[PDB]
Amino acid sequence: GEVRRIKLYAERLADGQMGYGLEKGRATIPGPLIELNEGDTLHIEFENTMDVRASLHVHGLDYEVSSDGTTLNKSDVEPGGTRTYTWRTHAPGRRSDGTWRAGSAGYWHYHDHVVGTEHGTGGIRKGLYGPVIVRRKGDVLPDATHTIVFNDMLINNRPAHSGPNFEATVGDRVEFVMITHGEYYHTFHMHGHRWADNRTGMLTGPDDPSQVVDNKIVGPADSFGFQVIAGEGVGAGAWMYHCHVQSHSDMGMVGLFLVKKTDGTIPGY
């Protein structure tokens, strides 16, 4: 594994929100995808452009307390302030006593832990979160990755009934990352596609007994992910994904997986 470096910035955005960006003026919600191989180290030069204390907390990856992103471990950042955070990762293997150490690989996420409360409640609602993917050697790589975040009642801090919509062509291998935040449980459902409830979202082969599902209950800070072959056995189309809690889907927690025919049309639009 490699040693990698990046810049990250925390910024306030024009409608009361907050975002992470790989450069000033280009903060997104969700924050930028961070992708690593088991074994890589990542040093993040972090800058808080905001006038409240901010920080960076990550799930799953190895980090010392000094990079925990919390007041407890004196790991937050002053308004306008600067901090270098270090995340490490490791491949799995047998310990000397026979036991198997798990591996860093998986779908994870990062978020603020100090805006509003000492658990980042205001930071998170306002949009200070994003995805982390860690790859194991030999993992299947996708053509695309879309991140879907159920934050309280909104997908990706979008107004009710505003997608996001996601585009692909028949036969593409599309990866989704699915993170939940806030107060509520939800239930993630995709029309016309299904996945394995295990680490990668795909069966290892014919001995993998994992449940095959198209609907999964998630809570605040759960993350998981999966890959599908777009259109596989179902064909082109506007395939809805949504929370399947009835009041939630009614109130617009819905969006589209736009699967285009080879030439580039969809039937019925």
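All residue numbers refer to positions in the sequence shown, first residue = 1.
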{"query": "Segment of higher mean CA temperature factor, 154-162 or 99-107", "finding": "154-162"}
{"query": "Comparing 79-87 with 128-136, the one whose average Cα B-factor in the PDB entry is higher", "finding": "79-87"}
{"query": "Among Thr204, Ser223, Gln211, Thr49 - the residue whose C-alpha B-factor is largest in the record", "finding": "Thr49"}
{"query": "Options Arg194, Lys74, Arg94, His181 - largest CA temperature factor per the record", "finding": "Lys74"}
{"query": "Entry-reported Cα temperature factor of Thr200, expressed as the chain third it lands in", "finding": "lowest"}
{"query": "Chain third (lowest, middle, highest) by recorded CA B-factor, residue given as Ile44", "finding": "highest"}
{"query": "Where the record places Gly69 (Cα B-factor, split into thirds across the chain)", "finding": "middle"}
{"query": "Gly31 - Cα temperature factor, lowest/middle/highest third of chain", "finding": "middle"}
{"query": "Third assignment of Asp112 from its chain's C-alpha B-factors", "finding": "lowest"}
